[PDB]
Amino acid sequence: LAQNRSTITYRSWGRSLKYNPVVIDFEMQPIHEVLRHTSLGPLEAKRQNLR
Amino acid sequence: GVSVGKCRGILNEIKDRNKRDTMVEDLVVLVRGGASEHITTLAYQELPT
Ligand SMILES: *[C@@H]1O[C@H](CO)[C@@H](O)[C@H](O)[C@H]1NC(C)=O
């Protein structure tokens, strides 16, 4: 698609986007935050150490 | 016999020219529904339809 900016390429470009969609954007949080939301229960010491 | 003469001349020329041109264009699209290949075809910013 990089070569040309015409309508001939956007068709199959959107088709391939349907085939394989890349990640457009994502919200993020530190990795120590997911430890609080685990089934293992309280992990405050390990969470603070990793923070 | 006495002879005397005097001559004087002056010329002044000033020229000024200014030219300024500006043109811009903007485009905003907001489409919701059917994000398939056809709407990507229609997402062509240059052609209007
Ligand atoms: C895209 O391809 C068409 C067909 O070859 C061509 O006419 C057009 O000029 C191209 N667009 C460019 C080079 O920006």
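Every number in this text was worked out from the coordinates using simple rules, so none of it is lab data. Virtual Cβ from ideal backbone geometry, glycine too; neighbours counted across all protein chains shown.
From the C-alpha coordinates alone, can you work out the Kirkwood hydrodynamic radius of the protein assembly as shown, in Å?
22.2
Within chain A, list the chymotrypsin sites (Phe, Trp or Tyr not before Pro) lying in a DSSP loop whose Cβ has at most 12 other Cβ atoms in a 10 Å radius.
Answer by residue number: A:26.
Using the Cα centre as the reference, give the magnitude of the dipole from point charges on the C-beta atoms of the protein assembly as shown (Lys, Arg: +1; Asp, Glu: -1; all else neutral), rounded to the nearest 20 debye.
400
Name the residue farthest towards the positive end of the dipole of chain A from the options A:26, A:38, A:49, assuming +1 on Cβ of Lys and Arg, -1 on Cβ of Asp and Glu, about the Cα centre.
About the Cα centre, the residue reaching furthest to the positive side is A:26.
Starting from the eigenvalues of the Cα gyration tensor, five times each then square-rooted, give me the equivalent ellipsoid semi-axes of chain B, largest first, whole Å.
Taking √(5λ) for each eigenvalue gives 77, 8, 4 Å, largest first.
Once chain A is represented by equal point scatterers at the alpha-carbon sites, with solvent omitted, what log10 I(q)/I(0) does the Debye formula produce at q = 0.24, 0.26, 0.28, 0.29 Å⁻¹?
Rounded to two decimals, the profile gives -0.92, -0.98, -1.03, -1.06.
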